[PDB]
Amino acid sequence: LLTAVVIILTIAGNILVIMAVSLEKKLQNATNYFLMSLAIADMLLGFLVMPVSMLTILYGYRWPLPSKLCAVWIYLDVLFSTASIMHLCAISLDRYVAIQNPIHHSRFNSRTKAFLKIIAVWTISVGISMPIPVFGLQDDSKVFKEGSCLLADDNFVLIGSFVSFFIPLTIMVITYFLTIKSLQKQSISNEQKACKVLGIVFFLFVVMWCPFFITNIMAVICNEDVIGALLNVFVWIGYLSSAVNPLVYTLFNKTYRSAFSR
């Protein structure tokens, strides 16, 4: 089965990135700490949420014995997915100011800025995910449907995606446009490599996560069986981003390539 492969890849990649950050004195800078936070969030996603999803697949999408695990499982899934998404959004926003104003960004760059960045993204992720255990356990219908564990709150699914993958998405495309504008208008080879890396990262993020959110919104604003079957695969397409984020955010460095090979 090609789902155990996904969980193994997620765990191994995030563990290796955390090891590379921790064991190398040359990689302890303000950006790599945020990258390690991304790795931690992706590892938690791949360890706590994904194998339970494979177990749900193995039982024909019939929940295992403890019914109380559904609401907390949805909480953890949404929390870690949002944490990854606005981690990427913060990375893009930080790169825009690093490229447009390098001197001022370096002058204002500090450990305090990185800690503020981390707490800001995690605080927004916590605020977005807040109602799920408050109301998911108060009413079992909001987290169950036809005997399968899935959230069935139409209003939250519509607005809760409008501040998780559509306002962050608008920010990310605007930032991508402004950065490719900035990097183009001996030192040009570095800028070309940076533009290529930014394009690969942005387009992979969009192509992996956008299908799931698009069909999720289409399942509410609008077929039901087809859309559900599509969601069942697109959620794992999105989960695979946790196994792709470390490799595309770290392996372009020779230090990370050497550490992975050690």
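Counting begins at 1, following the sequence as shown. We call the rigid core whatever largest set of C-alpha positions still superposes within 1.5 Å between the two forms.
Taking the rigid core as the alignment reference, the C-alpha atoms of 140-148 lie farther on average from the displayed form in 6 other deposited structures of this protein than those of the other stretch among 140-148 and 157-165. In terms of root mean square C-alpha deviation after superposing on the rigid core in 6 other deposited structures of this protein, the stretch standing farther out between 12-20 and 247-255 is 247-255. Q186 is a gap in at least a third of the other entries compared, counting only those with both neighbours built. The gap between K185 and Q186 holds 10 or more unmodelled residues of the deposited sequence. According to the entry, the deposited sequence has 4 to 9 residues without coordinates between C222 and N223.
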